[PDB]
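We begin with a single chain expressed as structure tokens, specifically the form deposited in one PDB entry.
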């Protein structure tokens, strides 16, 4: 139908501190969760079946991301490292050392030969997956880096920071192509490219999401009605059914907007803390949501539309 009807199917309990992020494997079979409890957990995407725990970080994890082939994870930790994991064995393949403060955010490129990382140390780093070596250090921002994402062909990196900037980097050279948002405030708490790489979805800590045309460098859409003044809350493009924007909120709800109309089409109620992270299943109308330390659970929601 014209609107989604997401309904709770499973609650996934196990993390002992705040959940930090959830991501669906590109092949659709798994959900990965990261937590302040220093653990990665793997769950069945369709039945919420707990699969395994992946251990090794010495401090809390802020982010976890999947390789294109669904075989590897990368995690970003307060221990100042990233770890590349073999999902099948649960083994740490590489520890990426270089950041001088907490690593907050990470992603593979589509090729999954590189990792990008953002840190409290105000830098973005680009890592070789095979060797685990740092290839480039970008002096990207003047405050913690909130998010990092590659575009569809891997040629660009978008970064955001508490410095109030969103910047787009040339992957090959590490040089800045443009500063898309250039305000002193508010903090830009999240950014990512649209699936086709033409747009950037950006969250600011004034309870606002915006969709930007990258090439033109102007705002096409604004989404409001949720609460976001404190946390780096993820936002998603939902594309399997109706074309939505999905975001957690500091009022403990998941918000779903019509992308084109900007109307709120659903609020998912159930979490008992801030919903820090949502993910959209790659083929099914399924949302995963995760909450901070008063809740510590992941919820799987399913919609007919």
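Numbering follows the first chain given and starts at 1.
A second form of this protein, the form solved in complex with a small molecule, is not displayed here; the remarks below concern that form.
J.: So which of 181, 211, 124, 84 gets a non-hydrogen atom within 4.5 Å of the small molecule in the deposited bound form?
T.: Selected option: 211.
J.: Using heavy atoms only and a 4.5 Å cut-off, determine which of 196, 215, 111, 89 is in contact with the small molecule in the deposited bound form.
T.: None of the others qualify; the residue that does is 196.
J.: Hey, in the deposited bound form, is residue 280 touching the small molecule, heavy atoms inside 4.5 Å?
T.: No.
J.: Just checking whether residue 49 would be counted as a contact of the small molecule in the deposited bound form - the rule being heavy atoms within 4.5 angstroms.
T.: Residue 49: no, not in contact with the small molecule in the deposited bound form.
J.: Given that the small molecule is not shown alongside this chain, does residue 260 nevertheless sit within 4.5 Å of it in the deposited bound form, heavy atom to heavy atom?
T.: Yes, contact at 4.5 Å.
J.: Please run the contact check for residue 265 against the small molecule in the deposited bound form: heavy atoms, 4.5 angstroms, yes or no?
T.: So residue 265 does not count as contacting the small molecule.
J.: Only one of 91-99, 127-135, 173-181, 188-196 has heavy atoms within 4.5 Å of the small molecule in the deposited bound form; I'd like to know which.
T.: Of the stretches listed, the one contacting the partner is 188-196.
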